[PDB]
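K.L.:
Contents of final.cif (mmCIF, C-alpha atoms and all ligand atoms) are below:
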```
data_my_file
#
loop_
_atom_site.group_PDB
_atom_site.id
_atom_site.type_symbol
_atom_site.label_atom_id
_atom_site.label_comp_id
_atom_site.auth_asym_id
_atom_site.auth_seq_id
_atom_site.Cartn_x
_atom_site.Cartn_y
_atom_site.Cartn_z
ATOM 1 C CA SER R 1 17.691 -72.199 -36.316
ATOM 2 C CA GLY R 2 17.137 -73.302 -32.703
ATOM 3 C CA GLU R 3 16.156 -70.017 -31.061
ATOM 4 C CA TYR R 4 12.573 -69.559 -29.925
ATOM 5 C CA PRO R 5 10.671 -68.250 -32.967
ATOM 6 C CA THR R 6 9.246 -64.746 -33.227
ATOM 7 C CA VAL R 7 7.056 -63.066 -35.838
ATOM 8 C CA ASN R 8 10.237 -62.270 -37.780
ATOM 9 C CA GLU R 9 11.234 -65.934 -38.283
ATOM 10 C CA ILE R 10 7.768 -67.366 -39.069
ATOM 11 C CA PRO R 11 6.848 -67.070 -42.789
ATOM 12 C CA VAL R 12 3.451 -65.602 -43.660
ATOM 13 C CA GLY R 13 0.554 -67.877 -42.752
ATOM 14 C CA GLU R 14 3.001 -70.241 -41.075
ATOM 15 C CA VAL R 15 3.349 -72.197 -37.832
ATOM 16 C CA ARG R 16 6.554 -73.256 -36.103
ATOM 17 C CA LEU R 17 7.115 -75.837 -33.381
ATOM 18 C CA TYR R 18 9.708 -75.691 -30.612
ATOM 19 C CA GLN R 19 10.851 -78.695 -28.604
ATOM 20 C CA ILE R 20 10.443 -77.946 -24.893
ATOM 21 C CA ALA R 21 11.173 -81.401 -23.447
ATOM 22 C CA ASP R 22 10.779 -85.068 -24.316
ATOM 23 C CA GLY R 23 7.315 -85.364 -25.828
ATOM 24 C CA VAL R 24 6.495 -81.687 -25.197
ATOM 25 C CA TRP R 25 6.466 -78.954 -27.845
ATOM 26 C CA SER R 26 5.113 -75.455 -28.045
ATOM 27 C CA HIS R 27 3.547 -74.140 -31.235
ATOM 28 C CA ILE R 28 3.984 -70.525 -32.331
ATOM 29 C CA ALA R 29 1.914 -68.587 -34.848
ATOM 30 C CA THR R 30 1.297 -64.967 -35.796
ATOM 31 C CA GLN R 31 -1.962 -63.083 -36.191
ATOM 32 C CA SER R 32 -3.173 -59.554 -36.840
ATOM 33 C CA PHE R 33 -5.653 -57.915 -34.469
ATOM 34 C CA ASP R 34 -6.868 -54.305 -34.639
ATOM 35 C CA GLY R 35 -4.055 -53.471 -37.040
ATOM 36 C CA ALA R 36 -1.114 -54.923 -35.102
ATOM 37 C CA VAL R 37 0.706 -58.252 -35.369
ATOM 38 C CA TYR R 38 1.158 -60.528 -32.359
ATOM 39 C CA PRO R 39 2.706 -63.936 -31.696
ATOM 40 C CA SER R 40 0.915 -66.557 -29.642
ATOM 41 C CA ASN R 41 1.800 -69.942 -28.167
ATOM 42 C CA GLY R 42 0.122 -73.256 -27.610
ATOM 43 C CA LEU R 43 1.296 -76.674 -26.416
ATOM 44 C CA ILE R 44 1.602 -80.186 -27.855
ATOM 45 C CA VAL R 45 2.033 -83.155 -25.506
ATOM 46 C CA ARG R 46 2.711 -86.713 -26.627
ATOM 47 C CA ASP R 47 -0.052 -89.089 -25.507
ATOM 48 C CA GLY R 48 1.370 -92.528 -26.271
ATOM 49 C CA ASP R 49 0.976 -92.833 -30.045
ATOM 50 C CA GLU R 50 -1.361 -89.808 -30.142
ATOM 51 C CA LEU R 51 -1.035 -86.101 -29.355
ATOM 52 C CA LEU R 52 -2.886 -83.758 -27.021
ATOM 53 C CA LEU R 53 -3.131 -80.181 -28.305
ATOM 54 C CA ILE R 54 -3.427 -77.179 -25.978
ATOM 55 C CA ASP R 55 -4.969 -74.156 -27.736
ATOM 56 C CA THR R 56 -5.411 -73.325 -31.413
ATOM 57 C CA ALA R 57 -2.952 -71.266 -33.466
ATOM 58 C CA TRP R 58 -5.233 -68.182 -33.471
ATOM 59 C CA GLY R 59 -7.357 -68.581 -36.599
ATOM 60 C CA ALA R 60 -8.698 -71.195 -38.991
ATOM 61 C CA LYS R 61 -5.895 -70.976 -41.555
ATOM 62 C CA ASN R 62 -3.204 -70.830 -38.854
ATOM 63 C CA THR R 63 -4.703 -73.920 -37.216
ATOM 64 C CA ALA R 64 -4.792 -75.800 -40.525
ATOM 65 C CA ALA R 65 -1.111 -74.912 -40.935
ATOM 66 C CA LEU R 66 -0.522 -76.107 -37.366
ATOM 67 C CA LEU R 67 -1.938 -79.544 -38.166
ATOM 68 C CA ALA R 68 0.228 -79.699 -41.294
ATOM 69 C CA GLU R 69 3.342 -78.732 -39.323
ATOM 70 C CA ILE R 70 2.568 -81.383 -36.692
ATOM 71 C CA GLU R 71 2.322 -84.046 -39.397
ATOM 72 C CA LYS R 72 5.623 -82.860 -40.881
ATOM 73 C CA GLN R 73 7.592 -82.624 -37.622
ATOM 74 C CA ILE R 74 5.978 -85.251 -35.355
ATOM 75 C CA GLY R 75 3.767 -87.494 -37.473
ATOM 76 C CA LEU R 76 1.375 -88.597 -34.726
ATOM 77 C CA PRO R 77 -2.369 -87.836 -34.853
ATOM 78 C CA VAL R 78 -3.877 -85.033 -32.797
ATOM 79 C CA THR R 79 -6.866 -86.713 -31.142
ATOM 80 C CA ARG R 80 -7.891 -84.197 -28.457
ATOM 81 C CA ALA R 81 -7.548 -80.462 -27.888
ATOM 82 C CA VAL R 82 -8.113 -78.247 -24.840
ATOM 83 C CA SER R 83 -8.711 -74.493 -25.104
ATOM 84 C CA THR R 84 -7.523 -72.620 -22.009
ATOM 85 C CA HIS R 85 -9.914 -69.654 -22.341
ATOM 86 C CA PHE R 86 -12.515 -68.227 -24.695
ATOM 87 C CA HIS R 87 -10.550 -65.707 -26.781
ATOM 88 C CA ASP R 88 -9.719 -66.170 -30.470
ATOM 89 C CA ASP R 89 -6.070 -66.978 -29.776
ATOM 90 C CA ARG R 90 -7.306 -70.063 -27.876
ATOM 91 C CA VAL R 91 -10.478 -71.180 -29.726
ATOM 92 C CA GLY R 92 -10.052 -69.652 -33.189
ATOM 93 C CA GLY R 93 -9.545 -72.780 -35.274
ATOM 94 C CA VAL R 94 -11.693 -75.140 -33.193
ATOM 95 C CA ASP R 95 -13.949 -75.617 -36.232
ATOM 96 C CA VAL R 96 -10.913 -76.698 -38.280
ATOM 97 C CA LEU R 97 -9.878 -79.096 -35.509
ATOM 98 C CA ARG R 98 -13.371 -80.571 -35.225
ATOM 99 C CA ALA R 99 -13.570 -81.142 -38.989
ATOM 100 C CA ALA R 100 -10.191 -82.917 -38.850
ATOM 101 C CA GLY R 101 -11.592 -85.401 -36.318
ATOM 102 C CA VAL R 102 -10.084 -83.762 -33.223
ATOM 103 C CA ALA R 103 -12.238 -83.883 -30.094
ATOM 104 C CA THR R 104 -12.251 -80.347 -28.661
ATOM 105 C CA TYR R 105 -12.664 -79.569 -24.961
ATOM 106 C CA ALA R 106 -12.949 -76.551 -22.676
ATOM 107 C CA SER R 107 -14.473 -75.699 -19.322
ATOM 108 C CA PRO R 108 -18.202 -74.887 -19.300
ATOM 109 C CA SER R 109 -17.297 -71.290 -18.446
ATOM 110 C CA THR R 110 -15.067 -71.021 -21.518
ATOM 111 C CA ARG R 111 -17.755 -72.580 -23.712
ATOM 112 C CA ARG R 112 -20.400 -70.132 -22.472
ATOM 113 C CA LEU R 113 -18.148 -67.104 -22.969
ATOM 114 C CA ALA R 114 -17.071 -68.228 -26.443
ATOM 115 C CA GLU R 115 -20.687 -68.743 -27.503
ATOM 116 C CA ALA R 116 -21.828 -65.395 -26.089
ATOM 117 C CA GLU R 117 -19.020 -63.507 -27.850
ATOM 118 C CA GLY R 118 -19.337 -65.228 -31.234
ATOM 119 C CA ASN R 119 -16.139 -67.280 -31.068
ATOM 120 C CA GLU R 120 -15.801 -70.916 -32.065
ATOM 121 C CA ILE R 121 -17.035 -73.300 -29.396
ATOM 122 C CA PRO R 122 -15.270 -76.468 -28.179
ATOM 123 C CA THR R 123 -17.534 -79.511 -28.209
ATOM 124 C CA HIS R 124 -16.956 -81.083 -24.780
ATOM 125 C CA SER R 125 -17.247 -79.545 -21.313
ATOM 126 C CA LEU R 126 -14.470 -80.066 -18.743
ATOM 127 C CA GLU R 127 -16.129 -80.405 -15.346
ATOM 128 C CA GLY R 128 -14.355 -80.264 -12.001
ATOM 129 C CA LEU R 129 -12.632 -76.921 -12.667
ATOM 130 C CA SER R 130 -15.187 -74.342 -11.494
ATOM 131 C CA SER R 131 -13.576 -73.438 -8.131
ATOM 132 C CA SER R 132 -10.191 -71.746 -7.777
ATOM 133 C CA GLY R 133 -7.560 -74.345 -6.947
ATOM 134 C CA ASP R 134 -9.410 -77.146 -8.748
ATOM 135 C CA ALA R 135 -7.343 -79.621 -10.764
ATOM 136 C CA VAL R 136 -8.210 -82.552 -13.038
ATOM 137 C CA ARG R 137 -6.164 -85.017 -15.061
ATOM 138 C CA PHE R 138 -6.512 -85.035 -18.856
ATOM 139 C CA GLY R 139 -4.300 -87.532 -20.642
ATOM 140 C CA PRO R 140 -0.642 -86.689 -19.975
ATOM 141 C CA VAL R 141 -1.378 -83.310 -18.322
ATOM 142 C CA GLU R 142 -3.054 -81.804 -15.293
ATOM 143 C CA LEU R 143 -5.503 -78.950 -15.863
ATOM 144 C CA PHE R 144 -5.642 -76.317 -13.119
ATOM 145 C CA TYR R 145 -8.008 -73.397 -12.572
ATOM 146 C CA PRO R 146 -6.050 -70.744 -10.622
ATOM 147 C CA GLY R 147 -8.857 -68.201 -10.384
ATOM 148 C CA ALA R 148 -9.606 -65.124 -12.436
ATOM 149 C CA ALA R 149 -6.603 -63.452 -14.021
ATOM 150 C CA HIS R 150 -6.223 -62.607 -17.697
ATOM 151 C CA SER R 151 -9.829 -63.832 -17.982
ATOM 152 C CA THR R 152 -12.313 -65.300 -15.522
ATOM 153 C CA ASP R 153 -12.074 -68.734 -17.188
ATOM 154 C CA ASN R 154 -8.336 -69.097 -17.805
ATOM 155 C CA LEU R 155 -6.827 -72.539 -17.187
ATOM 156 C CA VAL R 156 -3.191 -73.526 -16.775
ATOM 157 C CA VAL R 157 -1.672 -76.844 -17.830
ATOM 158 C CA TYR R 158 1.100 -78.853 -16.158
ATOM 159 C CA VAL R 159 3.042 -81.701 -17.766
ATOM 160 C CA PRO R 160 4.253 -83.726 -14.751
ATOM 161 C CA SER R 161 6.621 -85.947 -16.764
ATOM 162 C CA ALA R 162 8.744 -82.907 -17.692
ATOM 163 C CA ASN R 163 7.760 -80.341 -15.023
ATOM 164 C CA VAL R 164 6.522 -78.006 -17.773
ATOM 165 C CA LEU R 165 4.064 -75.307 -16.678
ATOM 166 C CA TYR R 166 2.019 -73.875 -19.551
ATOM 167 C CA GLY R 167 0.530 -70.721 -18.075
ATOM 168 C CA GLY R 168 -1.457 -69.580 -21.045
ATOM 169 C CA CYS R 169 -2.381 -65.925 -21.113
ATOM 170 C CA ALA R 170 -2.479 -65.724 -17.308
ATOM 171 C CA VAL R 171 1.350 -65.699 -17.514
ATOM 172 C CA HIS R 172 3.416 -63.138 -19.426
ATOM 173 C CA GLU R 173 6.956 -63.278 -20.764
ATOM 174 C CA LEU R 174 9.888 -61.691 -18.958
ATOM 175 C CA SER R 175 10.406 -58.927 -21.527
ATOM 176 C CA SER R 176 6.802 -57.751 -21.138
ATOM 177 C CA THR R 177 6.236 -54.198 -19.907
ATOM 178 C CA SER R 178 2.438 -54.168 -19.496
ATOM 179 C CA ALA R 179 -0.175 -56.869 -18.910
ATOM 180 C CA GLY R 180 -1.141 -57.445 -22.550
ATOM 181 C CA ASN R 181 -4.810 -57.326 -23.513
ATOM 182 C CA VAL R 182 -6.654 -56.733 -20.239
ATOM 183 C CA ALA R 183 -10.127 -56.248 -21.760
ATOM 184 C CA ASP R 184 -11.554 -59.240 -19.868
ATOM 185 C CA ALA R 185 -9.037 -59.422 -17.013
ATOM 186 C CA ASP R 186 -9.472 -59.150 -13.244
ATOM 187 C CA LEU R 187 -6.387 -57.127 -12.343
ATOM 188 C CA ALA R 188 -7.191 -57.172 -8.619
ATOM 189 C CA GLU R 189 -7.542 -60.967 -8.472
ATOM 190 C CA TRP R 190 -4.728 -61.788 -10.919
ATOM 191 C CA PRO R 191 -1.837 -61.659 -8.385
ATOM 192 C CA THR R 192 -3.746 -63.984 -6.043
ATOM 193 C CA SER R 193 -4.326 -66.427 -8.898
ATOM 194 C CA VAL R 194 -0.630 -66.313 -9.812
ATOM 195 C CA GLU R 195 0.188 -67.007 -6.160
ATOM 196 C CA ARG R 196 -2.024 -70.098 -6.388
ATOM 197 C CA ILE R 197 -0.048 -71.267 -9.433
ATOM 198 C CA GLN R 198 3.259 -70.700 -7.626
ATOM 199 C CA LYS R 199 2.046 -72.633 -4.577
ATOM 200 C CA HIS R 200 0.681 -75.532 -6.631
ATOM 201 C CA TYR R 201 3.623 -76.028 -9.039
ATOM 202 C CA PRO R 202 6.811 -75.111 -7.142
ATOM 203 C CA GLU R 203 8.869 -77.721 -9.049
ATOM 204 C CA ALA R 204 8.139 -76.226 -12.478
ATOM 205 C CA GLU R 205 11.312 -76.110 -14.582
ATOM 206 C CA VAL R 206 9.948 -74.412 -17.719
ATOM 207 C CA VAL R 207 7.145 -71.831 -17.746
ATOM 208 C CA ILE R 208 5.467 -71.038 -21.077
ATOM 209 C CA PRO R 209 3.427 -67.818 -21.462
ATOM 210 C CA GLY R 210 0.425 -67.437 -23.719
ATOM 211 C CA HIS R 211 2.484 -65.028 -25.840
ATOM 212 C CA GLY R 212 6.254 -64.728 -26.010
ATOM 213 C CA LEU R 213 9.368 -66.522 -24.851
ATOM 214 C CA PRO R 214 9.355 -69.382 -22.320
ATOM 215 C CA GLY R 215 11.539 -69.150 -19.249
ATOM 216 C CA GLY R 216 11.633 -70.342 -15.672
ATOM 217 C CA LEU R 217 9.567 -69.762 -12.556
ATOM 218 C CA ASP R 218 10.519 -66.065 -12.679
ATOM 219 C CA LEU R 219 7.745 -65.533 -15.243
ATOM 220 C CA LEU R 220 5.147 -65.994 -12.500
ATOM 221 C CA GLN R 221 6.468 -63.257 -10.211
ATOM 222 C CA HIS R 222 7.170 -60.994 -13.190
ATOM 223 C CA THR R 223 3.557 -61.395 -14.329
ATOM 224 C CA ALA R 224 2.285 -60.395 -10.900
ATOM 225 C CA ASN R 225 4.612 -57.379 -10.974
ATOM 226 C CA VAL R 226 3.461 -56.104 -14.371
ATOM 227 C CA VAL R 227 -0.193 -56.695 -13.485
ATOM 228 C CA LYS R 228 -0.013 -54.735 -10.223
ATOM 229 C CA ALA R 229 1.838 -51.930 -12.031
ATOM 230 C CA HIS R 230 -0.733 -51.756 -14.836
ATOM 231 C CA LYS R 231 -3.495 -51.757 -12.216
ATOM 232 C CA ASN R 232 -1.883 -48.890 -10.275
HETATM 233 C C1 LIG I 301 -7.612 -62.106 -29.069
HETATM 234 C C2 LIG I 301 -6.970 -61.535 -27.808
HETATM 235 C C3 LIG I 301 -5.736 -60.659 -28.139
HETATM 236 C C4 LIG I 301 -5.650 -59.920 -29.318
HETATM 237 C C5 LIG I 301 -4.517 -59.137 -29.568
HETATM 238 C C6 LIG I 301 -3.473 -59.081 -28.638
HETATM 239 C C7 LIG I 301 -3.559 -59.824 -27.444
HETATM 240 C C8 LIG I 301 -2.722 -59.990 -26.310
HETATM 241 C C9 LIG I 301 -1.326 -59.355 -26.084
HETATM 242 C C10 LIG I 301 -1.104 -58.001 -26.307
HETATM 243 C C11 LIG I 301 0.165 -57.466 -26.108
HETATM 244 C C12 LIG I 301 1.217 -58.280 -25.690
HETATM 245 C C13 LIG I 301 2.621 -57.657 -25.484
HETATM 246 S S1 LIG I 301 2.850 -57.087 -23.758
HETATM 247 C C14 LIG I 301 2.409 -58.439 -22.609
HETATM 248 O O1 LIG I 301 2.075 -55.869 -23.491
HETATM 249 O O2 LIG I 301 4.222 -56.622 -23.521
HETATM 250 C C15 LIG I 301 0.994 -59.639 -25.477
HETATM 251 F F1 LIG I 301 2.007 -60.465 -25.067
HETATM 252 C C16 LIG I 301 -0.276 -60.172 -25.678
HETATM 253 C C17 LIG I 301 -3.399 -60.871 -25.464
HETATM 254 C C18 LIG I 301 -2.944 -61.387 -24.101
HETATM 255 O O3 LIG I 301 -2.250 -60.648 -23.350
HETATM 256 O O4 LIG I 301 -3.303 -62.542 -23.741
HETATM 257 N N1 LIG I 301 -4.551 -61.203 -26.017
HETATM 258 C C19 LIG I 301 -4.684 -60.593 -27.204
HETATM 259 N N2 LIG I 301 -7.873 -60.644 -27.096
HETATM 260 C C20 LIG I 301 -8.870 -59.816 -27.631
HETATM 261 C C21 LIG I 301 -9.522 -59.073 -26.564
HETATM 262 C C22 LIG I 301 -10.666 -58.053 -26.782
HETATM 263 N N3 LIG I 301 -11.882 -58.431 -26.054
HETATM 264 C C23 LIG I 301 -12.509 -59.718 -26.513
HETATM 265 C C24 LIG I 301 -13.814 -58.940 -26.394
HETATM 266 C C25 LIG I 301 -15.111 -58.511 -27.132
HETATM 267 N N4 LIG I 301 -14.487 -59.801 -25.326
HETATM 268 C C26 LIG I 301 -13.073 -57.615 -26.479
HETATM 269 O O5 LIG I 301 -8.938 -59.390 -25.321
HETATM 270 C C27 LIG I 301 -7.885 -60.388 -25.625
HETATM 271 O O6 LIG I 301 -7.170 -60.907 -24.832
HETATM 272 ZN ZN ZN I 302 -7.111 -63.812 -23.970
HETATM 273 ZN ZN ZN I 303 -3.777 -64.246 -25.067
#
```
Could you render the structure as structure tokens?
P.N.:
Amino acid sequence: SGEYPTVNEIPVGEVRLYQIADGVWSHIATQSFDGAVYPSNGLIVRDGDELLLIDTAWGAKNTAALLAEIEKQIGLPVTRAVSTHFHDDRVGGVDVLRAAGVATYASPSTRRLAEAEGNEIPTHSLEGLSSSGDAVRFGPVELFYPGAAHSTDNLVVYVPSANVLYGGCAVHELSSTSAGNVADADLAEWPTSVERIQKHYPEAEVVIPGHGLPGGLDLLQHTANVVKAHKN
């Protein structure tokens, strides 16, 4: 009823949307992994009379429910999707998207890692993002590669019209104690990549993590703090 949704407010197999700003929503879904339940976020950005989707809802059935919730709450067609790294919470559901007519995109690094690991593979390669600090425009957003952090391929997304910074899994929520799933992370490089984000987007008003509650710019410094602590 207005609060940011958690696993405890999202019915089973369900997706919820949350209005972040004019023409900007996050999507929230729940998934089980190795016997524990986790929330995860993605982004929806209005693109004229179409929508740009950032990240799947972590699974085929969750992503089908995401498309149904978008039709219910927004009613504009999702025409393109970007996955911000290769893990299942970002690409799981790309096959559903592709079969619904959505053009799916990711960096060549993400596509290679997804293919190697047996995850679903976005169709189109996003060039111009292979060097740390690189940025490219994609519809109503800017895509930014900050360097290795949560994964070597992780991208962040900025919505300039609303100063919304979607950090993906390279950014953690304020309540977080540890650095999440670090299986593919570069803990030594992560603080430097977060510094790049801070330097590039100092006017960000809302910061959205890959999992958990959005907040302000404080999420960036907090993420660096928890990552250095985990590393130590
Ligand atoms: C599918 C993904 C995955 C699954 C389950 C949980 C997470 C979490 C996570 C965990 C805890 C917290 C609370 S907290 C910050 O601690 O307070 C949290 F907010 C996020 C993250 C993340 O943090 O982004 N990602 C997760 N996976 C899988 C994976 C394993 N790897 C792939 C392989 C073969 N390549 C082996 O690595 C990954 O990221
Ligand atoms: Zn991940
Ligand atoms: Zn994640």
K.L.:
Tell me which residues the PyMOL selection byres (((chain R and resi 207-215) around 6) and not hetatm) grabs here, as number ranges by chain.
P.N.:
R: 39-41, 165-169, 171-173, 206, 216
K.L.:
If you count all atoms listed in the file, which residues end up within 10 Å of ligand ZN 302 (chain I), as a list in words?
P.N.:
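Residues lying within 10 Å of ligand ZN 302 (chain I): residues 84, 85, 86, 87, 88, 89, 90, 91, 149, 150, 151, 153, 154, 168, 169, 170, 180, 181, 182, 183, 184, 185, 210 and 211 of chain R.
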K.L.:
What is the distance between atom CA of residue 162 of chain R and atom CA of residue 195 of chain R, in Å to one decimal?
P.N.:
21.4 Å
K.L.:
For the structure provided, state which residues fall under the PyMOL selection byres (((chain R and resi 52-68) around 8) and not hetatm), and present them as number ranges by chain.
P.N.:
R: 13-16, 27-31, 40-47, 50-51, 69-72, 78-84, 88-97, 139-140
K.L.:
Quick one: 8 Å padding each side, axis-aligned, all listed atoms of segment 160-171 of chain R - centre and edge lengths in Å to one decimal, as JSON?
P.N.:
```
{"center_x": 3.1, "center_y": -75.8, "center_z": -17.9, "size_x": 27.2, "size_y": 36.2, "size_z": 22.4}
```
K.L.:
With only C-alpha atoms as the basis for distance, which of R:146, R:20, R:155, R:106 is at the shortest distance from residue 127 of chain R?
P.N.:
R:106
K.L.:
Please measure the separation of atom CA of residue 35 of chain R and atom CA of residue 176 of chain R, giving the value in Å to one decimal.
P.N.:
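Pair atom CA of residue 35 of chain R / atom CA of residue 176 of chain R returns 19.7 Å.
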K.L.:
Grab the atom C21 of ligand LIG 301 (chain I) to atom CA of residue 231 of chain R distance for me, in Å with one decimal place.
P.N.:
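Interatomic distance, atom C21 of ligand LIG 301 (chain I) to atom CA of residue 231 of chain R: 17.2 Å.
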K.L.:
I'd like to know which of R:191, R:148, R:117, R:123 is closest to ligand LIG 301 (chain I), using all atoms listed in the file.
P.N.:
R:117
K.L.:
Translate the PyMOL selection byres (((chain R and resi 178) around 8) and not hetatm) into a concrete residue list for this structure, as a PyMOL selection string.
P.N.:
chain R and resi 176-177+179-180+226-227+229-230
K.L.:
My list of candidates is R:130, R:223, R:160, R:38. Which is closest to ligand ZN 303 (chain I) when distances are computed with only C-alpha atoms and all ligand atoms?
P.N.:
R:38
K.L.:
Identify which of the residues R:113, R:187, R:138, R:192 lies closest to residue 232 of chain R, counting all atoms listed in the file when measuring atom-to-atom distances.
P.N.:
R:187
K.L.:
Rank nothing, just name the residue among R:159, R:116, R:220, R:103 nearest to ligand LIG 301 (chain I), using only C-alpha atoms and all ligand atoms.
P.N.:
R:116
K.L.:
Can segment 163-177 of chain R be brought up to N, CA, C and O atoms and written out as a short mmCIF file (atom, residue, chain, number, x, y, z; two decimals), keeping the file's coordinate frame?
P.N.:
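Output contents, as saved in part.cif:
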```cif
data_model
loop_
_atom_site.label_atom_id
_atom_site.label_comp_id
_atom_site.auth_asym_id
_atom_site.auth_seq_id
_atom_site.Cartn_x
_atom_site.Cartn_y
_atom_site.Cartn_z
N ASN R 163 7.87 -81.53 -15.86
CA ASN R 163 7.76 -80.34 -15.02
C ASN R 163 7.64 -79.07 -15.87
O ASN R 163 8.28 -78.06 -15.60
N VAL R 164 6.80 -79.14 -16.90
CA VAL R 164 6.52 -78.01 -17.77
C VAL R 164 5.21 -77.38 -17.34
O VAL R 164 4.17 -78.06 -17.27
N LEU R 165 5.25 -76.08 -17.04
CA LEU R 165 4.06 -75.31 -16.68
C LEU R 165 3.70 -74.42 -17.86
O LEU R 165 4.44 -73.49 -18.19
N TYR R 166 2.57 -74.71 -18.49
CA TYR R 166 2.02 -73.88 -19.55
C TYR R 166 1.01 -72.93 -18.90
O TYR R 166 -0.09 -73.35 -18.53
N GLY R 167 1.39 -71.67 -18.75
CA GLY R 167 0.53 -70.72 -18.08
C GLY R 167 -0.56 -70.12 -18.93
O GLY R 167 -1.49 -69.52 -18.38
N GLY R 168 -0.48 -70.27 -20.24
CA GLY R 168 -1.46 -69.58 -21.04
C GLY R 168 -1.34 -68.08 -20.82
O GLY R 168 -0.33 -67.56 -20.34
N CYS R 169 -2.43 -67.38 -21.13
CA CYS R 169 -2.38 -65.92 -21.11
C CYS R 169 -2.44 -65.34 -19.71
O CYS R 169 -2.29 -64.12 -19.56
N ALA R 170 -2.63 -66.17 -18.68
CA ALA R 170 -2.48 -65.72 -17.31
C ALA R 170 -1.02 -65.49 -16.93
O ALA R 170 -0.77 -64.96 -15.84
N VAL R 171 -0.07 -65.88 -17.78
CA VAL R 171 1.35 -65.70 -17.51
C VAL R 171 1.97 -64.97 -18.70
O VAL R 171 1.73 -65.34 -19.85
N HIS R 172 2.76 -63.94 -18.41
CA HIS R 172 3.42 -63.14 -19.43
C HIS R 172 4.92 -63.40 -19.44
O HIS R 172 5.50 -63.90 -18.47
N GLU R 173 5.53 -63.07 -20.57
CA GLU R 173 6.96 -63.28 -20.76
C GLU R 173 7.77 -62.23 -20.01
O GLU R 173 7.27 -61.16 -19.63
N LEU R 174 9.04 -62.54 -19.79
CA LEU R 174 9.89 -61.69 -18.96
C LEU R 174 10.08 -60.31 -19.56
O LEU R 174 10.18 -59.31 -18.83
N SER R 175 10.17 -60.22 -20.89
CA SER R 175 10.41 -58.93 -21.53
C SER R 175 9.18 -58.02 -21.51
O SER R 175 9.29 -56.85 -21.89
N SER R 176 8.03 -58.53 -21.08
CA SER R 176 6.80 -57.75 -21.14
C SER R 176 6.88 -56.54 -20.21
O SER R 176 7.43 -56.61 -19.11
N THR R 177 6.31 -55.43 -20.67
CA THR R 177 6.24 -54.20 -19.91
C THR R 177 4.88 -54.00 -19.26
O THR R 177 4.80 -53.63 -18.08
#
```
